Every structure is written in structure tokens, then in C-alpha cells.
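upload_32.txt follows (compact mmCIF, N, CA and C atoms):
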# COMPACT_ATOMS: atom_id res chain seq x y z
N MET A 1 57.68 39.43 134.21
CA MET A 1 58.57 38.88 133.16
C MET A 1 58.78 39.89 132.04
N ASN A 2 60.03 40.30 131.85
CA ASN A 2 60.36 41.27 130.80
C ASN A 2 61.25 40.63 129.73
N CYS A 3 61.41 41.34 128.62
CA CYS A 3 62.24 40.85 127.53
C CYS A 3 63.69 41.27 127.69
N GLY A 4 63.97 42.10 128.69
CA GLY A 4 65.32 42.58 128.92
C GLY A 4 65.59 43.87 128.18
N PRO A 5 66.46 44.74 128.71
CA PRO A 5 66.79 46.02 128.08
C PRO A 5 66.95 45.90 126.56
N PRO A 6 66.23 46.76 125.80
CA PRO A 6 66.26 46.74 124.34
C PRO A 6 67.67 46.83 123.75
N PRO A 7 68.08 45.80 122.99
CA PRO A 7 69.39 45.76 122.35
C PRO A 7 69.58 46.92 121.38
N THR A 8 70.73 46.85 120.71
CA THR A 8 71.12 47.86 119.73
C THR A 8 70.80 47.37 118.32
N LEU A 9 70.15 48.21 117.54
CA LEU A 9 69.80 47.86 116.17
C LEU A 9 70.61 48.65 115.16
N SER A 10 71.51 47.98 114.47
CA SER A 10 72.33 48.63 113.46
C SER A 10 71.46 49.01 112.27
N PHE A 11 70.33 48.33 112.14
CA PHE A 11 69.39 48.59 111.06
C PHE A 11 68.25 49.47 111.55
N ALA A 12 68.61 50.48 112.34
CA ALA A 12 67.66 51.44 112.90
C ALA A 12 68.33 52.22 114.04
N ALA A 13 67.51 53.00 114.74
CA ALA A 13 68.02 53.83 115.83
C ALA A 13 66.87 54.45 116.62
N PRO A 14 67.02 54.58 117.95
CA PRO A 14 65.98 55.16 118.81
C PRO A 14 65.38 56.43 118.22
N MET A 15 64.09 56.64 118.49
CA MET A 15 63.39 57.81 117.97
C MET A 15 62.60 58.52 119.07
N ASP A 16 62.37 57.81 120.17
CA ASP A 16 61.63 58.37 121.30
C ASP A 16 61.78 57.48 122.53
N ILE A 17 60.64 57.07 123.12
CA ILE A 17 60.63 56.20 124.29
C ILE A 17 61.71 56.58 125.29
N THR A 18 61.36 57.44 126.23
CA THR A 18 62.31 57.84 127.26
C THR A 18 63.02 56.61 127.79
N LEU A 19 64.33 56.56 127.61
CA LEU A 19 65.12 55.43 128.05
C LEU A 19 65.34 55.46 129.56
N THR A 20 64.35 55.95 130.28
CA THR A 20 64.42 56.03 131.73
C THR A 20 63.84 54.78 132.37
N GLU A 21 63.41 53.85 131.53
CA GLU A 21 62.83 52.59 132.00
C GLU A 21 63.82 51.44 131.83
N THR A 22 63.44 50.27 132.32
CA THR A 22 64.29 49.08 132.22
C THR A 22 63.51 47.88 131.72
N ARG A 23 62.24 47.82 132.09
CA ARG A 23 61.37 46.73 131.68
C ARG A 23 60.17 47.27 130.91
N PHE A 24 59.57 46.43 130.07
CA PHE A 24 58.43 46.84 129.26
C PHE A 24 57.40 45.73 129.12
N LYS A 25 57.68 44.55 129.69
CA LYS A 25 56.75 43.42 129.60
C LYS A 25 56.42 43.13 128.14
N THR A 26 55.66 42.06 127.90
CA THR A 26 55.25 41.74 126.56
C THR A 26 54.14 42.70 126.15
N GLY A 27 53.75 42.67 124.88
CA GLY A 27 52.71 43.55 124.40
C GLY A 27 53.19 44.98 124.18
N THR A 28 54.21 45.39 124.94
CA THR A 28 54.76 46.74 124.81
C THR A 28 55.21 47.00 123.37
N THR A 29 55.47 48.26 123.02
CA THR A 29 55.90 48.58 121.66
C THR A 29 56.68 49.89 121.58
N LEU A 30 57.90 49.80 121.04
CA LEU A 30 58.77 50.97 120.91
C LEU A 30 58.56 51.66 119.56
N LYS A 31 59.43 52.62 119.25
CA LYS A 31 59.34 53.35 117.98
C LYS A 31 60.48 52.96 117.04
N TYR A 32 61.62 53.62 117.21
CA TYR A 32 62.80 53.36 116.39
C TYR A 32 62.62 53.84 114.95
N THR A 33 63.66 54.50 114.44
CA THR A 33 63.67 55.03 113.08
C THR A 33 64.76 54.36 112.24
N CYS A 34 64.83 54.71 110.96
CA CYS A 34 65.82 54.11 110.06
C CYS A 34 66.74 55.17 109.44
N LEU A 35 68.03 55.03 109.78
CA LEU A 35 69.08 55.94 109.34
C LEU A 35 69.01 56.22 107.83
N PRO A 36 69.74 57.24 107.35
CA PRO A 36 69.76 57.60 105.94
C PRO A 36 70.53 56.59 105.08
N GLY A 37 69.79 55.82 104.29
CA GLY A 37 70.44 54.85 103.42
C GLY A 37 69.63 53.59 103.21
N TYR A 38 68.56 53.43 103.98
CA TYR A 38 67.69 52.28 103.84
C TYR A 38 66.71 52.53 102.71
N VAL A 39 66.26 51.48 102.03
CA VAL A 39 65.34 51.59 100.91
C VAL A 39 64.23 50.55 101.04
N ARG A 40 63.66 50.20 99.89
CA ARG A 40 62.58 49.22 99.78
C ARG A 40 62.62 48.17 100.89
N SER A 41 61.79 48.38 101.91
CA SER A 41 61.71 47.45 103.04
C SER A 41 60.73 47.96 104.08
N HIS A 42 60.17 49.14 103.83
CA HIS A 42 59.22 49.74 104.75
C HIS A 42 57.96 48.89 104.88
N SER A 43 57.73 48.39 106.08
CA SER A 43 56.57 47.56 106.37
C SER A 43 56.25 47.60 107.85
N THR A 44 57.20 48.12 108.63
CA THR A 44 57.03 48.22 110.08
C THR A 44 58.12 49.10 110.69
N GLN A 45 58.21 49.09 112.02
CA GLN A 45 59.20 49.86 112.75
C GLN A 45 58.85 49.91 114.24
N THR A 46 58.82 48.74 114.88
CA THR A 46 58.48 48.66 116.29
C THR A 46 59.06 47.41 116.95
N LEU A 47 59.45 47.55 118.21
CA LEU A 47 60.01 46.44 118.98
C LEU A 47 59.00 46.03 120.04
N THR A 48 58.45 44.83 119.91
CA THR A 48 57.47 44.33 120.86
C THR A 48 58.03 43.14 121.62
N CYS A 49 57.78 43.08 122.92
CA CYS A 49 58.26 41.96 123.70
C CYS A 49 57.44 40.74 123.34
N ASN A 50 58.10 39.76 122.76
CA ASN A 50 57.45 38.52 122.37
C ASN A 50 57.58 37.49 123.48
N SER A 51 57.20 36.25 123.18
CA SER A 51 57.30 35.19 124.17
C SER A 51 58.45 34.24 123.81
N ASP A 52 59.64 34.82 123.69
CA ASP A 52 60.87 34.09 123.37
C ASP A 52 61.94 34.43 124.40
N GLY A 53 61.98 35.70 124.78
CA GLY A 53 62.96 36.16 125.75
C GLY A 53 63.58 37.48 125.34
N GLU A 54 63.11 37.97 124.19
CA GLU A 54 63.63 39.22 123.65
C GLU A 54 62.61 39.94 122.77
N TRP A 55 63.12 40.86 121.95
CA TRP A 55 62.31 41.66 121.05
C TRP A 55 62.32 41.10 119.63
N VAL A 56 61.12 40.76 119.16
CA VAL A 56 60.91 40.21 117.83
C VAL A 56 60.41 41.32 116.91
N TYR A 57 60.62 41.16 115.60
CA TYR A 57 60.14 42.17 114.64
C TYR A 57 60.66 41.91 113.23
N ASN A 58 60.18 42.70 112.27
CA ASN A 58 60.59 42.55 110.88
C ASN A 58 61.82 43.40 110.60
N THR A 59 62.43 43.19 109.43
CA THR A 59 63.61 43.95 109.04
C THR A 59 63.22 45.21 108.28
N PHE A 60 62.42 46.05 108.92
CA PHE A 60 61.97 47.29 108.31
C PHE A 60 63.16 48.14 107.87
N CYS A 61 63.07 48.69 106.66
CA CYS A 61 64.13 49.52 106.11
C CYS A 61 65.39 48.70 105.89
N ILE A 62 65.85 48.62 104.64
CA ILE A 62 67.07 47.87 104.35
C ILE A 62 68.10 48.71 103.63
N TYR A 63 69.23 48.85 104.28
CA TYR A 63 70.36 49.61 103.77
C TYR A 63 71.01 48.91 102.58
N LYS A 64 70.95 49.57 101.43
CA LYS A 64 71.54 49.04 100.21
C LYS A 64 71.66 50.14 99.16
N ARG A 65 72.79 50.85 99.18
CA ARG A 65 73.03 51.93 98.23
C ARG A 65 73.71 51.39 96.97
N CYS A 66 73.97 52.27 96.02
CA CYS A 66 74.60 51.88 94.78
C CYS A 66 75.98 52.51 94.67
N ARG A 67 76.94 51.76 94.17
CA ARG A 67 78.29 52.30 94.04
C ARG A 67 78.25 53.56 93.19
N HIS A 68 79.00 54.56 93.63
CA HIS A 68 79.05 55.82 92.92
C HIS A 68 79.50 55.61 91.47
N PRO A 69 78.71 56.07 90.48
CA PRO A 69 79.06 55.92 89.07
C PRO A 69 80.44 56.49 88.80
N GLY A 70 80.88 57.39 89.67
CA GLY A 70 82.20 57.97 89.51
C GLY A 70 82.15 59.41 89.03
N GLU A 71 83.33 59.91 88.67
CA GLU A 71 83.45 61.28 88.20
C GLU A 71 83.00 61.38 86.74
N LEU A 72 82.26 62.45 86.45
CA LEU A 72 81.77 62.71 85.10
C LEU A 72 82.76 63.62 84.39
N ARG A 73 83.63 63.04 83.57
CA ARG A 73 84.59 63.84 82.83
C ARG A 73 83.83 64.75 81.89
N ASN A 74 84.03 66.05 82.08
CA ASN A 74 83.31 67.06 81.32
C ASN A 74 81.85 66.97 81.74
N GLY A 75 81.63 67.00 83.05
CA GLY A 75 80.28 66.88 83.57
C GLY A 75 80.22 66.93 85.08
N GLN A 76 79.00 66.86 85.61
CA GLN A 76 78.80 66.91 87.06
C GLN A 76 77.59 66.09 87.50
N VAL A 77 77.80 64.79 87.69
CA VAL A 77 76.74 63.88 88.12
C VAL A 77 75.95 64.47 89.28
N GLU A 78 74.63 64.60 89.11
CA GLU A 78 73.79 65.16 90.17
C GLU A 78 73.56 64.12 91.26
N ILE A 79 74.50 64.05 92.21
CA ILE A 79 74.39 63.10 93.31
C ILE A 79 74.10 63.83 94.62
N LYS A 80 73.42 63.14 95.54
CA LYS A 80 73.07 63.74 96.82
C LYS A 80 72.48 62.72 97.78
N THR A 81 71.61 61.87 97.25
CA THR A 81 70.94 60.86 98.04
C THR A 81 71.85 59.67 98.36
N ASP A 82 73.16 59.86 98.22
CA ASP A 82 74.12 58.79 98.51
C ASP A 82 73.87 57.58 97.63
N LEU A 83 72.99 57.75 96.66
CA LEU A 83 72.63 56.68 95.75
C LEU A 83 71.90 55.57 96.48
N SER A 84 70.80 55.93 97.11
CA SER A 84 69.99 54.95 97.82
C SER A 84 68.98 54.33 96.85
N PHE A 85 68.94 53.00 96.80
CA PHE A 85 68.02 52.29 95.90
C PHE A 85 66.69 53.01 95.78
N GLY A 86 66.14 53.03 94.57
CA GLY A 86 64.87 53.70 94.34
C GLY A 86 65.04 55.19 94.15
N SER A 87 66.07 55.59 93.40
CA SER A 87 66.33 57.00 93.16
C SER A 87 66.86 57.26 91.76
N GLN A 88 66.71 58.51 91.33
CA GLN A 88 67.16 58.94 90.01
C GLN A 88 68.22 60.03 90.15
N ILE A 89 69.29 59.91 89.38
CA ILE A 89 70.37 60.90 89.42
C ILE A 89 70.66 61.43 88.02
N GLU A 90 70.48 62.73 87.85
CA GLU A 90 70.72 63.37 86.56
C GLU A 90 72.20 63.65 86.36
N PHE A 91 72.52 64.27 85.24
CA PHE A 91 73.90 64.62 84.92
C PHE A 91 73.96 66.02 84.34
N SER A 92 75.16 66.47 84.00
CA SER A 92 75.33 67.80 83.43
C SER A 92 76.65 67.94 82.69
N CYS A 93 76.55 68.03 81.37
CA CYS A 93 77.74 68.18 80.55
C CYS A 93 78.16 69.65 80.50
N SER A 94 79.42 69.90 80.83
CA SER A 94 79.98 71.25 80.86
C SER A 94 79.62 72.10 79.64
N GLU A 95 80.06 73.35 79.70
CA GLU A 95 79.85 74.34 78.65
C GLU A 95 79.99 73.77 77.24
N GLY A 96 81.22 73.55 76.80
CA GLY A 96 81.46 73.07 75.45
C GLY A 96 80.99 71.65 75.19
N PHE A 97 79.99 71.19 75.94
CA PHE A 97 79.46 69.84 75.74
C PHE A 97 78.01 69.74 76.20
N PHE A 98 77.33 68.70 75.75
CA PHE A 98 75.94 68.46 76.13
C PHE A 98 75.77 67.02 76.59
N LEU A 99 74.62 66.75 77.19
CA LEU A 99 74.32 65.43 77.73
C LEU A 99 73.74 64.51 76.66
N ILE A 100 74.20 63.25 76.68
CA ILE A 100 73.74 62.23 75.75
C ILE A 100 74.03 60.85 76.32
N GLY A 101 73.01 60.00 76.27
CA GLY A 101 73.12 58.66 76.80
C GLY A 101 71.91 58.28 77.63
N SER A 102 71.68 59.08 78.66
CA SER A 102 70.57 58.90 79.58
C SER A 102 70.75 59.88 80.72
N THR A 103 70.09 61.03 80.64
CA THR A 103 70.24 62.06 81.65
C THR A 103 69.74 61.59 83.00
N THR A 104 69.13 60.42 83.03
CA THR A 104 68.63 59.86 84.27
C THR A 104 69.34 58.56 84.57
N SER A 105 69.43 58.21 85.85
CA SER A 105 70.04 56.97 86.27
C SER A 105 69.33 56.47 87.52
N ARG A 106 68.66 55.33 87.38
CA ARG A 106 67.90 54.74 88.48
C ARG A 106 68.73 53.71 89.25
N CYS A 107 68.51 53.67 90.56
CA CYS A 107 69.21 52.74 91.43
C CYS A 107 68.42 51.45 91.54
N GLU A 108 68.96 50.38 90.99
CA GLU A 108 68.28 49.11 90.98
C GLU A 108 69.02 48.09 91.84
N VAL A 109 68.35 46.98 92.12
CA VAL A 109 68.94 45.94 92.95
C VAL A 109 68.74 44.54 92.37
N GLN A 110 69.85 43.82 92.29
CA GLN A 110 69.85 42.46 91.77
C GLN A 110 70.59 41.52 92.72
N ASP A 111 69.99 40.37 92.98
CA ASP A 111 70.58 39.37 93.87
C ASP A 111 70.72 39.92 95.30
N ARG A 112 71.89 40.44 95.62
CA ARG A 112 72.15 40.99 96.94
C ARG A 112 73.41 41.85 96.94
N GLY A 113 73.22 43.14 96.68
CA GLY A 113 74.34 44.07 96.66
C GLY A 113 74.07 45.25 95.76
N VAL A 114 72.81 45.39 95.36
CA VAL A 114 72.38 46.48 94.49
C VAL A 114 73.06 46.37 93.12
N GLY A 115 72.29 46.65 92.08
CA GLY A 115 72.86 46.52 90.76
C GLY A 115 72.57 47.64 89.78
N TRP A 116 73.38 48.70 89.77
CA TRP A 116 73.21 49.82 88.85
C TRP A 116 72.78 49.35 87.46
N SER A 117 72.06 50.21 86.75
CA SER A 117 71.59 49.89 85.41
C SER A 117 72.45 50.59 84.36
N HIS A 118 72.88 51.81 84.68
CA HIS A 118 73.71 52.60 83.76
C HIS A 118 74.39 53.75 84.50
N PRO A 119 75.70 53.95 84.29
CA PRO A 119 76.46 55.01 84.93
C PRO A 119 76.55 56.27 84.07
N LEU A 120 77.69 56.95 84.16
CA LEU A 120 77.92 58.17 83.40
C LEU A 120 77.49 58.03 81.94
N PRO A 121 76.90 59.09 81.37
CA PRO A 121 76.45 59.11 79.98
C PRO A 121 77.60 59.44 79.03
N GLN A 122 77.36 60.37 78.11
CA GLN A 122 78.38 60.77 77.15
C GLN A 122 78.38 62.27 76.92
N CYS A 123 79.45 62.94 77.32
CA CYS A 123 79.55 64.39 77.12
C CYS A 123 80.40 64.68 75.88
N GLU A 124 79.73 65.12 74.82
CA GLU A 124 80.41 65.43 73.56
C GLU A 124 80.16 66.88 73.18
N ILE A 125 81.19 67.50 72.61
CA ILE A 125 81.13 68.90 72.22
C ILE A 125 79.99 69.16 71.24
N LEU A 126 79.44 70.37 71.31
CA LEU A 126 78.34 70.76 70.43
C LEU A 126 78.82 70.89 68.99
N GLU A 127 77.96 71.43 68.13
CA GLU A 127 78.30 71.62 66.73
C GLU A 127 78.68 73.07 66.45
N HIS A 128 78.60 73.90 67.49
CA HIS A 128 78.94 75.32 67.36
C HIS A 128 80.19 75.65 68.16
N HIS A 129 81.10 76.40 67.55
CA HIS A 129 82.34 76.79 68.21
C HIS A 129 82.84 78.14 67.67
N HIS A 130 83.44 78.93 68.55
CA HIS A 130 83.95 80.25 68.17
C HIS A 130 85.36 80.46 68.71
N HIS A 131 85.95 79.40 69.26
CA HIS A 131 87.30 79.48 69.80
C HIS A 131 88.34 79.56 68.69
N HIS A 132 87.90 79.33 67.46
CA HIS A 132 88.79 79.37 66.30
C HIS A 132 88.13 80.09 65.13
N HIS A 133 88.90 80.91 64.43
CA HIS A 133 88.38 81.66 63.29
C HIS A 133 88.22 80.75 62.08
Can the structure from this file be put into C-alpha cells for me?
Amino acid sequence: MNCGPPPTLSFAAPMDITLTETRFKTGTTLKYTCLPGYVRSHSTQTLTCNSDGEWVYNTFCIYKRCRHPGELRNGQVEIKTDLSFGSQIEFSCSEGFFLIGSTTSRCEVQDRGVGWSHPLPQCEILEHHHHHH
């Protein structure tokens, strides 16, 4: 008695287990990894044949990024992690300006859909200038 060929997990992806097999019986256990974008949810990552007719398991890794704060006028938001919950993103005010507001920005989550705390800061010109006599 097998659980049937392992389905497709949109909330993960194969990591090993030579797919040269067809059955795995109960008690068996796969690997599976979590694509780039999942956050606070790490607690497991295995598919075991249960006594239901398929593979049971937890929702390890949960995809929930934060909407891009947008373009930093007179600046360059330090983005890279696609804004995955549980991250900090700095900023950078161009030459004739400096950073003010919060050089850091943490990715938070509220209810269900992630909830930014603060976006772009404030880029204001310095107190020194030589473009005019």
C-alpha cells in the first residue's frame, strides 16, 4: 500500500530523492526545499506517507513578500531580497542630499498579506553648496 506518486508543491520544490521510484509506502520521508520568497514558517520540510491515502505535512516556509516601497526620488533604496518578510532595507540619498527618516525598513506582516511599517524616507539637500557664488 503506497500513498501514490508525490504531488506537486507550489509551496516548495524537490531537493533530492531520485525520482526513479514510484512507491514509498508509509513511514517514508522525502526532502523538498523552499523557493526564494518564503519567510517565518520554518518548522519542517518532509513528505511522509500517512494513513489517509496521500502525503501529510506542515506548511513549512510561507511565501509572503512586501510590496516594493517604490522609487526613491533622489535616492536608491537598497533592495535585493525581493522584500521577504523578516528583512531590513537601507536607503541612499544622492550627492546633493542625505538620508533622513529611517535608513532602515523592516518587513512586517499583519493579518494576511504582509504589512510594511515604513517606506521611502526623506532626501533633503545638505546645508553646504558651491553651485552658486
Worksheet item: Pick from A:40, A:73, A:112, A:128: nearest to residue 87 (chain A), with only C-alpha atoms counted?
Response: A:40
Item to complete: Skip residue 59 (chain A) itself and residues of its chain fewer than 4 positions away, then list as a ChimeraX atom specification all residues within 10 Å of it, counting only C-alpha atoms.
Response: /A:11-12,41-45
Worksheet item: Per DSSP on the backbone, what are the strand (DSSP E) residues of region 13-89 of chain A, as a count of residues only?
Response: 8
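Distances here use all atoms listed in the file; by that measure, the residue among A:72, A:126, A:77, A:13 closest to residue 32 (chain A) is A:13.
If you look at atom N of residue 53 (chain A) and atom N of residue 3 (chain A), they are 6.8 Å away from each other.
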Item to complete: Could you check how far CA of residue 1 (chain A) sits from CA of residue 28 (chain A), in Å to one decimal?
Response: 12.1 Å
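For the pair CA of residue 91 (chain A) and CA of residue 70 (chain A), the separation is 11.6 Å.
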Item to complete: Quick one: everything within 7 Å of residue 31 (chain A), counting only N, CA and C atoms, minus sequence neighbours fewer than 4 positions away in the same chain. Send it as an MDAnalysis selection string.
Response: chainID A and resid 13:17 45:47
Just the selected residues (N, CA and C atoms), exported as an mmCIF file, in the frame of the given file, please.
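Output contents, as saved in part_10.cif:
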data_model
loop_
_atom_site.group_PDB
_atom_site.id
_atom_site.type_symbol
_atom_site.label_atom_id
_atom_site.label_comp_id
_atom_site.auth_asym_id
_atom_site.auth_seq_id
_atom_site.Cartn_x
_atom_site.Cartn_y
_atom_site.Cartn_z
ATOM 1 N N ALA A 13 67.510 53.000 114.740
ATOM 2 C CA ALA A 13 68.020 53.830 115.830
ATOM 3 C C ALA A 13 66.870 54.450 116.620
ATOM 4 N N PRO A 14 67.020 54.580 117.950
ATOM 5 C CA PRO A 14 65.980 55.160 118.810
ATOM 6 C C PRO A 14 65.380 56.430 118.220
ATOM 7 N N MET A 15 64.090 56.640 118.490
ATOM 8 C CA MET A 15 63.390 57.810 117.970
ATOM 9 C C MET A 15 62.600 58.520 119.070
ATOM 10 N N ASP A 16 62.370 57.810 120.170
ATOM 11 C CA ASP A 16 61.630 58.370 121.300
ATOM 12 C C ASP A 16 61.780 57.480 122.530
ATOM 13 N N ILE A 17 60.640 57.070 123.120
ATOM 14 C CA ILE A 17 60.630 56.200 124.290
ATOM 15 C C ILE A 17 61.710 56.580 125.290
ATOM 16 N N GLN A 45 58.210 49.090 112.020
ATOM 17 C CA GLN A 45 59.200 49.860 112.750
ATOM 18 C C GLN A 45 58.850 49.910 114.240
ATOM 19 N N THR A 46 58.820 48.740 114.880
ATOM 20 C CA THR A 46 58.480 48.660 116.290
ATOM 21 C C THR A 46 59.060 47.410 116.950
ATOM 22 N N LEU A 47 59.450 47.550 118.210
ATOM 23 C CA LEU A 47 60.010 46.440 118.980
ATOM 24 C C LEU A 47 59.000 46.030 120.040
#
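Take the candidates A:103, A:76, A:10, A:92 and check each one against residue 34 (chain A) using only N, CA and C atoms; the shortest distance goes to A:10.
Of the listed residues (A:7, A:22, A:118, A:123), A:123 comes nearest to residue 96 (chain A); the distances count only N, CA and C atoms.
Nearest-residue note for residue 119 (chain A): choosing from A:18, A:102, A:133, A:74, the minimum distance belongs to A:102, counting only N, CA and C atoms.
Nearest residue to residue 62 (chain A), choosing from A:5, A:37, A:121, A:101 and counting only N, CA and C atoms: A:37.
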